[PDB]
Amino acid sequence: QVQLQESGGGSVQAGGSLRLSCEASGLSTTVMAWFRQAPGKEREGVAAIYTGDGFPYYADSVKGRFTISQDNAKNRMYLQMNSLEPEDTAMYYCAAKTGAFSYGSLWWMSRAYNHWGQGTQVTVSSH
């Protein structure tokens, strides 16, 4: 299968930044993503990136502030989180696919992913 290992995370003040990384081992991935579970909200796709062509998707709420990228040499994906706001506070989870999206399955749907990281805490506080 595919073992996912998350790194990064922590506490930061609004306007600041954090870089999350996720490394895959095992089967080769077709798609890697970050999901997040904010307090008092339902879980949610944050950004996704296709392993083969590097095409990225972003949730509306992080567009222009977050950047997802990768280094296939190291089977490693990165989420650069800039201009962080309190509402970005959440558990962030790495996710991966080893195949295509089924019809009706969108990049932001947790059901579309078969492999998950253990979750990384990110806490943003006001100034």
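Note that residue numbering begins at 1 and tracks the sequence as displayed.
According to the PDB record, 69-77 carries the higher mean C-alpha B-factor of the two stretches 69-77 and 86-94.
Across the two stretches, 106-114 and 20-28, the PDB entry reports the greater mean Cα temperature factor for 20-28. Placement of the Cα temperature factor of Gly54 within the chain: lowest third of the modelled residues, per the deposited record.
When the modelled residues of the chain are ordered by C-alpha B-factor, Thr123 sits in the middle third.
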